C-alpha cells in the first residue's frame, strides 16, 4: 500500500505520535547515536540513529523516522545526505506548509 510519509517540521511532531515521518535539517551536533537537527521550523529535534550512520561528516540530512511518544524524539529508519563538505531551509519551510495544504497530491 505504502502510507504517505508527511514532510514535516518540528512543530508538527505532536500530530504524528507513533507515525513514520520525513524531516530535513542542518546537523548541529552528533553525540554517539543521537543527532541534533535544526528544522526549517527553526526548531531543534533529537534523532536516535541507526548503528551504521556517517551523519557526522554531512551538513543537511533527510531522515525517515518514527515519532516517539515523549515529545519530539525520533527512531531513525533511513537517512539521506545533501549539502557539501547548500540546502535552502526557507524554501523547505514553504514546501512543508504548501504540501500540508494539498493532501490530494501529498497524502491519502
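Numbering follows the first chain given and starts at 1.
- Going from residue 91 to residue 92, the model skips none of the deposited residues; the chain is continuous there.
- As recorded in the PDB entry, 9-17 is the stretch of 93-101 and 9-17 with the greater mean C-alpha temperature factor.
- Judged by mean Cα B factor in the deposited record, 43-51 ranks above the other of 43-51 and 59-67.
- The entry lists a Cα temperature factor for residue 23 that places it in the lowest third of the chain's modelled residues.
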